[PDB]
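Here full-length UniProt numbering is used: the first residue of the sequence shown is 2, the next is one more, and so on. C-beta: ideal position from N, C-alpha, C; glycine also. Right, one structure below, let's go through it.
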Amino acid sequence: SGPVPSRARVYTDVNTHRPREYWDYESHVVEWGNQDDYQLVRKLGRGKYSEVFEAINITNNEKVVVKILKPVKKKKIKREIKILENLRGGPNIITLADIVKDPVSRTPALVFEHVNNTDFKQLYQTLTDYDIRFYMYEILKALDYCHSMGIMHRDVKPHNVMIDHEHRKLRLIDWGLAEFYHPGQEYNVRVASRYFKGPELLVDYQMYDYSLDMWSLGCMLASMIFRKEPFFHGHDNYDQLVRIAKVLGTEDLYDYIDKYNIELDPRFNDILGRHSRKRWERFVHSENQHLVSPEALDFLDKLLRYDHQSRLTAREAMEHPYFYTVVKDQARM
Ligand SMILES: OC[C@H]1O[C@@H](n2cnc3cc(Cl)c(Cl)cc32)[C@H](O)[C@@H]1O
Ligand SMILES: OC[C@H]1O[C@@H](n2cnc3cc(Cl)c(Cl)cc32)[C@H](O)[C@@H]1O
Ligand SMILES: [Cl-]
Ligand SMILES: [Cl-]
Ligand SMILES: [Cl-]
Ligand SMILES: [Cl-]
Ligand SMILES: [Cl-]
Ligand SMILES: [Cl-]
Ligand SMILES: [Cl-]
Ligand SMILES: [Cl-]
Ligand SMILES: [Cl-]
Ligand SMILES: [Cl-]
Ligand SMILES: [Cl-]
Ligand SMILES: [Cl-]
Ligand SMILES: [Cl-]
Ligand SMILES: [Cl-]
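What follows is the structure, encoded as structure tokens:
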């Protein structure tokens, strides 16, 4: 007997109701732009599959950000491009303005609207209670949008949120691991950075959905309000689940496992053993008390659930009391 089927509780069929060409990215064809219209100004950074630069469009002197892709599975290139095009005009999602070829390698170079070169991780351990709420809400706007457009981000982490703190503007970036959701489809669990991976990934449950992003989001919130980086500090994939189990307790883990009839190695269960739930209030210390409210803990508790189907949706999260006042922000710069 295999694992129990799952479908998203929200936006289940959004891709089903759209034309094939919306999501069948394997049959997309790229309309290239003129590389010569852009000139790189300076290097912002280099990562795994990319180098990112500041650049200018010399036709109108508009400053842009240019991400030059390093060689990857060509199917994945089409995937990211199609996703970014689909999402253009979404709230707090990076805007793909053009696509050009690298003069040297002829690899694709993605041209984006300009954004300031500061990521959330650089700021997020020193925000006020108010600003955590504010920026959490802005991230939710992005996630609800991309989920509503049938897209899982699958790499929600501090390093993937760019912030312009001066102008209170935030963009969700790094859509290279994003994927279209299709009910019934089994997905690769090698997504998301360790500290942000949901229990579904860690127990090899493949029929997951947008709710993975909500787990990652919860991991970000816990980090911010408790001033702990990362909140769940696993040393390997197995220990990531152990760390989660030492906070949420094993009782609910084995209930989740039993619910979806998941294939858990008894030798992993021996190491998991039994751990008591560690009430969310246990991670409060004098350092972080001014950040931890009953509404914060209620919210966190409702995001950080083993069972992906119990997790708040992005819309449900946006309606949570944690954001009750911050939605009234008066946009002071
Ligand atoms: O004069 C040669 C011009 O080629 C631009 N250039 C070099 N490598 C590039 C890679 C990319 Cl993705 C782009 Cl858009 C422009 C590049 C340089 O930025 C320079 O302005
Ligand atoms: O290696 C870390 C450095 O790389 C920059 N970076 C990585 N991916 C990026 C994507 C965008 Cl859109 C921007 Cl603006 C910067 C990026 C980060 O902003 C940081 O300056
Ligand atoms: Cl597909
Ligand atoms: Cl295109
Ligand atoms: Cl990160
Ligand atoms: Cl990006
Ligand atoms: Cl996949
Ligand atoms: Cl993948
Ligand atoms: Cl993995
Ligand atoms: Cl931990
Ligand atoms: Cl137990
Ligand atoms: Cl406790
Ligand atoms: Cl309080
Ligand atoms: Cl749970
Ligand atoms: Cl959602
Ligand atoms: Cl709720």
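Residue i (DSSP reduced to helix, strand or coil)
i: residue 93; result: coil
i: residue 149; result: helix
i: residue 172; result: strand
i: residue 311; result: coil
i: residue 199; result: coil
i: residue 58; result: strand
i: residue 79; result: helix
i: residue 334; result: coil
i: residue 113; result: strand
i: residue 156; result: coil
i: residue 44; result: strand
i: residue 103; result: coil
i: residue 1; result: No statement about residue 1 is possible, as the shown extent of the chain runs from 2 to 334 and does not include it.
i: residue 212; result: helix
i: residue 98; result: strand
i: residue 70; result: strand
Proximal residues to residue i (C-beta, below 7 Å), its chain only, five neighbours per side dropped
i: residue 323; result: 134, 296, 297 and 300
i: residue 38; result: 58, 59 and 60
i: residue 73; result: 50
i: residue 92; result: 142, 143 and 146
Contacts around residue i, its chain only, beta-carbon distance under 6 Å, and the 5 residues preceding and following it disregarded
i: residue 80; result: 26
i: residue 277; result: 250
i: residue 315; result: 141, 144, 145 and 148
i: residue 199; result: 213 and 216
i: residue 289; result: 227 and 228
Beta-carbon spacing of residue i, residue j below 7 Å
i: residue 164; j: residue 197; result: no
i: residue 64; j: residue 54; result: no
i: residue 169; j: residue 193; result: no
i: residue 71; j: residue 50; result: yes
i: residue 241; j: residue 275; result: no
i: residue 1; j: residue 125; result: Residue 1 lies beyond the range of the chain shown here (2 to 334); nothing can be said about it.
i: residue 215; j: residue 333; result: no
i: residue 263; j: residue 190; result: no
i: residue 350; j: residue 327; result: A query on residue 350 cannot be resolved here, the shown segment of the chain reaching from 2 to 334 and no further.
i: residue 153; j: residue 187; result: no
i: residue 338; j: residue 176; result: One cannot answer for residue 338 here, as it falls past the ends of the chain, which runs 2 to 334.
i: residue 246; j: residue 273; result: yes
i: residue 292; j: residue 132; result: no
i: residue 89; j: residue 97; result: yes
i: residue 202; j: residue 157; result: no
Own chain residues within Cβ distance below 8 Å of residue i, not counting five before or after
i: residue 100; result: 31, 32, 33, 34, 82, 109, 110, 111 and 112
i: residue 14; result: 184
i: residue 119; result: 163, 164, 165 and 166
When the options are compared against residue i, the one with the closest alpha-carbon
i: residue 253; options: 89, 13 and 279; result: 279
i: residue 11; options: 213, 129, 98 and 48; result: 213
i: residue 235; options: 244, 227, 228 and 229; result: 244
i: residue 40; options: 22, 139, 23 and 104; result: 104
i: residue 87; options: 150, 48, 132 and 128; result: 150
i: residue 116; options: 62, 259 and 173; result: 173
i: residue 257; options: 218, 272, 239 and 206; result: 206
i: residue 5; options: 21, 302, 16 and 310; result: 310
i: residue 171; options: 162, 177 and 42; result: 162
i: residue 228; options: 269, 286 and 202; result: 286
i: residue 18; options: 293, 178, 182 and 219; result: 182
i: residue 114; options: 56, 46 and 210; result: 56
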